[PDB]
Each structure stands twice: as C-alpha cells, then as structure tokens.
Amino acid sequence: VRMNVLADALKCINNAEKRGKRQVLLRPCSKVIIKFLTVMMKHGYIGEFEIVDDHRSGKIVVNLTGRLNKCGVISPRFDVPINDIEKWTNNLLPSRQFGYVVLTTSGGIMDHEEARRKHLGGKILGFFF
Amino acid sequence: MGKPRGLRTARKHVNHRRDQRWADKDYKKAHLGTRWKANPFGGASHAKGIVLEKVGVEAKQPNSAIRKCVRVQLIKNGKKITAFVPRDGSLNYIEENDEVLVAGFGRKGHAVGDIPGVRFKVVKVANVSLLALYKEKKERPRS
Amino acid sequence: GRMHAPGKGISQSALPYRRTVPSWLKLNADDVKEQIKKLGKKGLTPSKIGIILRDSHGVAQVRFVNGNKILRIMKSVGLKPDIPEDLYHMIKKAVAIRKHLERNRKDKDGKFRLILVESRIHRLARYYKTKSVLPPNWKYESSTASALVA
RNA sequence: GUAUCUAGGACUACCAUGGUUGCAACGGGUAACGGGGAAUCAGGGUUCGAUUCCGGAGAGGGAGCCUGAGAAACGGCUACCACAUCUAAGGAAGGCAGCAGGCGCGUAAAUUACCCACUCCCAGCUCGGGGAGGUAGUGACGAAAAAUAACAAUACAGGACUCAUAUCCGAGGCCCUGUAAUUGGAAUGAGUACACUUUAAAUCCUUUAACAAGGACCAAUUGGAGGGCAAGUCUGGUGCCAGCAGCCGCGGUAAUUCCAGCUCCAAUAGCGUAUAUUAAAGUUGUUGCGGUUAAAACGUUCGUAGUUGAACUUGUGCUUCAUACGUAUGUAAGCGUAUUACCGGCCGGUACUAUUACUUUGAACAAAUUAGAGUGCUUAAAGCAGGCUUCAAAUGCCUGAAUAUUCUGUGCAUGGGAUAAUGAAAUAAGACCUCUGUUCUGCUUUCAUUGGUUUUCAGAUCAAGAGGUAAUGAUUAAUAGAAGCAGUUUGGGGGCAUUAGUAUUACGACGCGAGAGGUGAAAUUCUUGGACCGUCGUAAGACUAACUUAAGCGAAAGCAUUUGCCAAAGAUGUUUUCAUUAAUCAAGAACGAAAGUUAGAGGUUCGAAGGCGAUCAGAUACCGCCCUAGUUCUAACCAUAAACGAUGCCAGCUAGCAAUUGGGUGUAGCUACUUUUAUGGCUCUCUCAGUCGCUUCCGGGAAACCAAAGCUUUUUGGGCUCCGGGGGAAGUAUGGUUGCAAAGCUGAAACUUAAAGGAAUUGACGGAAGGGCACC
RNA sequence: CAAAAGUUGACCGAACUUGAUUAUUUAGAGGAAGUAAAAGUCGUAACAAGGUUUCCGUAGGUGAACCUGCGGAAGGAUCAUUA
C-alpha cells in the first residue's frame, strides 16, 4: 500500500533529476509536500510548480531546474530536539556550507537554518542538497 | 528490505540482537562461558603445576624438529596440561616432578607454531624465572 | 493488489470532474427518493439500483442529484438490509462452495477457496463491528450461514 | 476481626472466583550486592562497577530473645549443628567478613610500630575515651616531576669558505661537525653531614656549615634487526638437527630469522609475557552490514500477536508603522470579527479555558567524579588555597570555593499546534446569551430569640416549550481495497460423470515358412511343421502423442480425448455500490511432485530388490533377459525436493524495440458470402493487465551479469517478515514434540584448523567437438 | 502482699531421621563415531563428455567408495534456426 506519501515525491524528483528531466508529475499532493517544495523553492532548487487539482487527492506538476542532487526523507519522523539537531547536519548535509534539513517543528515546517534561528525543535522530515 | 524500520519497534530491534549475538563466535565466551568447563585452569591467567613427564612432542609437517615439551598436572584443579619449555636447552633445568608455573601461549587457546595442539608455556620452574636461565642470569636450584 | 489472488490489475469506473452537472437532467431529487423506494422494495441491493437508475432512467450519479448516497437514502426510508451487500455476496459465495463441497468432496481448490473467502468474511465482519453497523456478538458461523441468503 | 507503632491476607473466620502472562508471566542461570561511577572511540556504542560516598545485608550455621527510645545485636545472651579448647573428669568456655598478625588456598594482596595533635564521635564531659582518624615502616598497582653530563683550542676527516684550477686538483680551509680511556677547563647534586625546620614525638621533602666525578667513575636497561614493522644480504658455529616463529614462514652442510660476536633499532626508570577488555570491527551493523552464484528468501498461500497504514478540516492577502536600505522586509497593529464577560489608567486586577504523543522554557534533586572559568602548589599530577601601595608602618580587601553534564530516566510546571493518533450531530442534542421551572431538589438570611403557615430568593441540579432564526446537521470516491453487473468473455485451473484414440501385452483363428529376439560381439530367452511375421477378432490395464508453443491457466505442488454437469477465478468493460474496510505477519491453519507406509481393489508396459547371460584383472555395476514390491483407483497417513527464477512480499519511479496471451477501441482497412451488407477472419491505429526476447546504460556489481540483482547517494530511511557471521566437527549428540514406522521439525559443544570458498584470466588445434600438416 | 523452682497449653522452631525432586560432577564391560594423517592394504567414486554427464528428494541393495529404481533441477556436454 502507498505508505509514505511525502517520500515518493522525493524519489520522483531525485529519480527524474538524475536523468535530467525538466518537468515532473507527482501524485498525490500532500500539504506536507507543498510545504516541502516551498522550502525547496526559496532556495531555488526547484522551479515554479503547479498543482493540477482533481477531486481525488491532488496532482502536482513540478518544474525542475537542475541545481539539486538529492532530496530524501527521513522515515520514521524521528523526534529531533534542538540539541541533537547538530548531529544530523553532520550526517545528512554534505558540508557545513550548504544543504538543508527540513524538519517539522510546531511553528511550521522550516529547515534547520531557520529553526536554529527561531530556536524551535520538532520532528525531522527530509533533506536536500 | 529487512529491518523493522518503524518508530515503535525498538522491541524487535533489541530482541533480534539479543538472539543474534549468539552467532558472534567470540561473544559466545560471554554467553555460554565455557571458561570453567574447557579451560585447563578455571579461567585464570597463569597456573602452578607439578611436572609429570618430559614429552618430546614432534613437530607437525612441513617442518621437522622435536619440540621438547612437558606434561603438567596442576595443583589447582587436577586437570592435565601439556605445557612447553622454550629456547633450546632448559629441559636440563626441569629436575622432574618439581613444580612449575605454566602460562598461556599467546594465541588465546590454540597451539601456535609447529606444535600440534599444545596450548601452554613454562614461565617459572622451581621459582627461578626461565628467561633468567639461558643467560643463567640467576642461579639454577640444584641442591 | 487483489488481496487474495495475486493478479495486479487495474480497472475501475472513472468519475468525471464536474460534480454539479448535468443541467438538462429532467429528474429531480424528489422522485428518485420515490424511485429508489420503488426499486428497493423489490429487494435489490444499492448497487443494482444504481446500474438501473443509470442505464434506463438515466441519472449519472445519485450523490450529485441528491445530497445523500444510494444506501443512505435507503436507510432514511426504512429499507435497511440486515446484512450489508458486500458481506452478503461474500457469505452467499461462501455458502455455495460449502454446498458444492458436501457432494463434491476431493476438490482441494474449493477447499482452498473457501479458506480465502471465509477469511475475507472475518475481516469484513470485523470492520462492520467497529463502525457498529452490525451488532457485536456477531460471529458468522459456517453452519447456520445457509439460512441468511434466502 | 485479631495482632502491630501502623496500613495491609499480616493472620483467623465466613463469602466471592478471582488474579497473571507472547508488551515474555512462571521456572531456570549467574564466576549478581544496587547506585554514584570506571574503561575505551569522531559519533552511535560495547565492557566493568568486591572496593573509600550513598542505600542493603552478614558476623562459622540456621533459629530464638532479653535490656532499650532504638537490636530479632552477635567485641548481648539462649539453644542446636559443625569446628574447637581448658579439664583433677565433677564441670567450664569458644566466634578477627575490627587492627596488626598466624595457618590454609591459590597465578594473586603490607608491620603483632606510633599517636589522639588532625577530622570528628562520645560520657557526668572544655580535660576522659576512641589501633575511627592520623603518623610511620612495607609498597615499579598506579599518576606526576625529572639525573646520568655541560663547555673549550688542538684534534681528525666532511663541508661551505679565499683561491689555484676546473668531468681532476689543492691550499687561505673551518660558524660547523664527529673522533679523540687524546688534552683540558671541570659545571653541578645523588651522596654527605653539623645545626635548622617539619612533627604529638620522630622521620621524609625544603633550607642546609663541612664533604662529593677524567670516567675505570656517582658506570640504564629491556625487547629486536626476513616481511608485517623501525633496523646488517656482518663474521663464526650449527646443518629439517638444535631451534626460531602471534600470522605468512626460516634450518634439510655459501642460514638477511636458529647459537653466538660485531653492529644496529625502538622506546627508557622503564621494558617484556600471559589471560581479560576495549578500539581496529560497516567481522553484530539503530546511525551501518549481507542474503542470484561467496554463509544466508520458509515449498505454498491464508492469518491472529506485532509492526506499518493515502488525501482532506483558518492561509496568504489588504493598510500602516516601528525597519533592512528610491526601495527592502524579518517587524506589530487595523482589517474575511468569541483579537474573548468586568472594573481600573492604550494600560493592572479579575471573570473566564477537547485532549494526548512530540517540542520550548522552567522547577525539583548529595557530594566525589566528569566538562570546566577563576588561582605561578618552584612546574606538574594535584589543591582550594590565596592576593595586597604594605617596600619603612601590613589591618590587607577580598578573588573565591564558579558554571553547566554523567541526578540518564520517570515525574512535575509552561510556551507551540507542524506532525501524529483519538473525539463529536444519524434509534435524536441543532440551539437559546436565556426574563429562566411548563422539573422542583430546595438552601440560608431577615421575621430580636424560634419554628407550624409560603413566597421573594429560587447560588442550584435535572423535565421543559410547539422561546423550532437554526444553510439545521452525513469530506473526497485514492490509477487503495472489497462488492455488484445484457456484461463480453477467456484458460492443459478444480471436482465428478461421459466417451474417444492408436498402441502395447495377452488370447483366439487363418495362412506361411524356420528361425525370431538382443548386442560393439554374444549368451541367457522364445520356437517345428508353425514361434516370429501377416490377418481379421476378443479381453485388459496404463497412457493422452502428432497439433506443441519461450502459448495459456494455477497459491505453490502441478494441469492436455469428446461431452454433460459442478462450484471457482484473473484480466478487461463499468459517470454501480461500500467508504479505509488496508500492507505484512511470531504462534497457528490449509495445500504439498516423487519415493514410502496402513487397508481395499485391480494388475498392460516399465520396473528398486532378486535370479540369471555377459563384460572385466575382479563387477554384488553399466549392457542383455526374467520378474517381485512399486507403478494405477478410491481411504487415510508422511510433509519433504536443485519444492530453483539457487531471486520473500505490498507501493512508486527510471528507456527503447520487437513480438506476444486475454479484454477494450478506431479503421479515415481488407475479406467472408447471407448481399455491397450485417455476425466471422485478417491487416492497420490506440490502450489497459501483462508476459518473453533483444538492444543498451548514457544505473549497479568482485565479476559472470541485472530494466532490476537499478534509484542500496556521499556514514541512508517506501513499509514488513524470515534468515547469515571463517571452515570443520554436524543437521551430529542430547531433551522436547509430531509419525504405524520410515522419519520430520526444533538443535549444541568439547575438540580441530588457516584457510575453505566466489567470479574471472592465462596455461591441453592431456583422453570433448571443428580444423589443418610430415613416412622420427 | 509480691514472688522463685516447677508446670499446662498454644506459638516461634533449630535439628535429625526419612520420602522426594532439582542442579551438578563422575565410574563402567561392551558398542559406535569424530579428528590426527604423514608412510600401510584394496579398489577409482568426483573434477575433461573423468570414461555410466553431475547433483537433489526418497527407497532398496552392495567390501568400500557407490550402484539401481520413480519425480525434479542445470550449477550441462544444448541459451538454437534448420519451413
């Protein structure tokens, strides 16, 4: 059954990034997906994505750019306090310079470089670099 | 593939490892602990013994020599040992049926060289420290 | 993907987008409440009211022209079945293979099927108890099951 | 109820039948005192904690009990057991797991010293007491600091150097560098000891007058020199001996490993050896392993436990300022309003609130340890002291004795509402802020004191209206799932009935003749007039050819004559229904080729075993003949296979091209003739569900290869279950459990060992094909 | 008045005979395996078409490796055309 519905947009972006596609058709559009790509959109790792609506679940057609390498998804959502947030930024993020760990804190989905500013902690969602 | 990757499966993850460290061949001397069963001394480091013979253990192939070992009965438990005396000579320092401090043989349970299945090593015979006898750095007890 | 037999296919009915439409349909929400009562009094299931309201009359979808479903209409007019239709035909199948077998023994397939269709019963007799559509203390027995088809 | 200080099945009495567990009860093990903490790596971790602090227990064993506030006390008593002592024989007395000792045990642990001066305890007590505590001797467990020379010309050569001269070459050579039992200059403290100090006293250190080095002296060792792995192809000896050696290997008469000598290297008051442990070990793996072939996916599917489960339910706008710099935007408020009832001067204090998980900030909780800021103990490990114009008077205030983490974790407060579960309004609650009751339950104040009589009030709760404006209340129908359906079907799917087909054996007859069968060659074996052959005929049991496929169906095992029946099923078609019903699964359950077993039938061919005939050096084999159990059908048992795709299952993605089974669809195709037609066929086009091949990665892999064995990325994450940890021993031994039994499932270790294994290359134009030569 | 030795009975209950079970260690005629393994005897089973392709399940038999029967598989000596 379709277990993790965040996850296989990120294995359809990453899979279709590698072959170098320019547009990507996700299915079926969580509002955690759109909150995730908007985090990937403020940093320009993604185009402007359009949500072709059904009355079923939603479908997204995403425009790809070609700036990113890997969007993954940390299943299960491990509970990540602020103190062990640094543990993950060594692991998932390939340099201290760039890269992002998206996590759901309670004050809205933000990456670690916002939640380490707003002093929030939450559960982890995914990453990208 | 494989692991119970949920978030509420730390019961399966600990009961699996608990059941699968038995197949870690060297962590079955934490679990089954045969030290008091199969080791010639009951888990100690050294052992005082009393020499019974002078066994000329011949060398295994493809090396020919004769290793000149010694068959100890201990005093700790009444097990039996075939120990070993190194560094040529020093069977002349045995003065048979007089006590011996045998020791482990440095491969932690196996015979080492061309010696077939002999797992020990004399370190003191009549309390005079055999490494201080090839130089004869101390006097051998003779009378 | 076909939960008891390992073909993986897909077919279905596909609803179109516009839930509001048609506008030309001359049949209103009032008379279908009568016509479902007209057809459901002949003991048809909610499915076979739908496929004859669809072909002959013919309304596309009853949820669109009326703010209820076909089953939820039939409860509101006192036409409630004692056992719902999915558990019916899965019981009614399970009583045939339990009738073919008592004469034709030596058929391991119909033994294996009746395992596969009594297992679908006790998982859907189990969902119908949490949603309380059928009461608790309800174990489908394989003996008395013949009497609840006719 | 009794007992106790007290609750309490603590115990008695009656009465109830409860409690507990796959979320591991109960029993077993422990070389188990629990914690603080210790060891060790980057993290994650493993391992240890008898041991100074806290809590607990015990004083040879068990039991008992007095005094007391407090003891089930043992430097109290009472028995008994064990051990043991003095006994004049009647009796009496024993308890070092307090200190220092002694015996034992063992690889393994200090002196029968001094003192209450310290810390504190105790009594009647300022004083007494205190082998607590402190001092000392012992003490390479350990940790820190640091002595073995320093300097000088010649020296003896290297080298620059000035320069001759240059593939050479020397000298002015010289900052240098060494060698110099050459020469010195000797610089100092281990010694050394007056006297000091320290101390309860004494010692140790620190101060210290005197005393103290040409090495021979005040004199470093311990391991090694094949590789790993730092450092001799040095000499002699020994010649598969002695030995070395963790591993791989040296020695078999020129040893880079042995015994040495010279040398040399590594650390150095330290070094080797053993067992243990940790890191190396992504070889226990949550981060983070592996399972096609190296070890490793259950034979199959069903399925509770468990784990894991799609989407959707207040979000940016609009205006301003604080605010980065025309702009920006990160700001608060106004405004699509419970931005919340009140009184206060936008402001206090109040009236007043669906949870949980997670998260923020707090509280709470011993130090020691650890992390650590402060501090020149001569430095350092430590310690918690210590600074200071005071220079000539000290009055000279304080720094301090922080701060967070192992006191993890639970638990308790508070901020948030993303994520995540639960929760409402469908056999009935949509409400009314409510004058409210058309219930009545009342309940205390004034009737100075107090009530019989009843109203206000009704603090109230529950009936309660038809004080019913009510948008009145039911999310989408997942390319999730189950269900339905002129459906149209399709298929060696399943069961039973029905029958067919040649053939094989047998038997009959008819005819013809003597050889027939079999092999590499025979023989066993069959047959005179009739085998084999021919022929027609009868009986039988078995098997379903050809069609036959990279074709189908099935959960796997498996599944082929016709037909009738019988329930079943995938796929497609579906503006049908239901609305998460799902995924995967320990235990459990059904099915399971062949062989085998129990009973009943049948019994053609084949045929384990058996007997022959050969073959062979032998042949209990291959080949040849005879056949028996078996093969076959119903009734059960067995529960395995190279049960293989050596590839668990559900989901998504990432590319062509060719076929190809079903079903759908368009011919802007042919063709059939029933007719130009229409049903049927074919071709073309598209689409599901696929399956099989190739082509390639422009993905992976050790490769062979794989469109999954890919997206397992750089320390990776879609769920879920089963399984592997060098090779043997060994699927053995033993226990449990199933079977009529064969056997099946569970299932070790002692011991042994350094390789065993995977894939691929190059060696046989060495007993394999296809070539091509010559009179060794 | 108080009170000893004695004493009745309940209780706590050492201890010792028994009966049992548990956990351990051990002796044993005989028997049957494993490993050492190097040099013995007999055969030649496997690796080449290892001279009967090899293996698997089961069943019987044989001095021994092994052989035979029924059903699998290729890890084969065939990825197969050849109308």
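Whatever comes next refers back to the structure up there.
First, a word on what this report is: a plain description of the structure on this page.

## As for the overall build of chain B
Of regular secondary structure, chain B possesses two helices and five strands. When the helices and strands of chain B are listed from N to C terminus, the series reads α-α-β-β-β-β-β. For chain B, the spread of C-alpha atoms along the principal axes amounts to about 75 × 35 × 25 Å. For chain B, the residues scored as buried account for 27% of the 143 residues in total. Of the contacts made within chain B by residues no fewer than 6 positions apart, 50% connect residues no fewer than 24 positions apart. As displayed, chain B has an accessible area near 10200 Å², and 49% of this comes from carbon and sulfur atoms. Seen as two clouds, the 33 positive and the 13 negative side-chain charges of chain B have centres 14 Å apart.

## What about the pairing of strand β4 (residues 99-104) of chain B?
Residue and element names in this part refer to chain B. In this structure, strand β1 (residues 47-51) lies alongside β4, joined through four bridges in antiparallel fashion. Within the sheet, the bridge partner assigned to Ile50 lies in β4 and is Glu99. Sheet topology places β4 next to strand β5 (residues 120-125); five bridges connect them, and they run antiparallel. The residue bridging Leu101 from the neighbouring strand is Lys124, located in β5.

Here is what the cut-offs are and how they apply
Residues numbered from 1 in each chain as written, not as in the entry; some residues may be left out. Chains lettered and ligands numbered in written order. Part of a larger assembly, values for the part shown. Heavy atoms only, no water. Helix = DSSP H or I, 4+ residues; strand = E, 2+ residues; numbered from the N terminus. Buried < 20%, exposed > 50% of the residue type's maximum accessible area, 1.4 Å probe, protein only. Contact = heavy atoms within 4.5 Å. Areas by Shrake-Rupley, 256 points an atom, 1.4 Å probe, with all protein chains shown as cover. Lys, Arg positive; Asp, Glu negative; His and termini not counted. Charge placed at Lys NZ, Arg CZ, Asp CG, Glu CD. Pairing = 2+ DSSP bridges.

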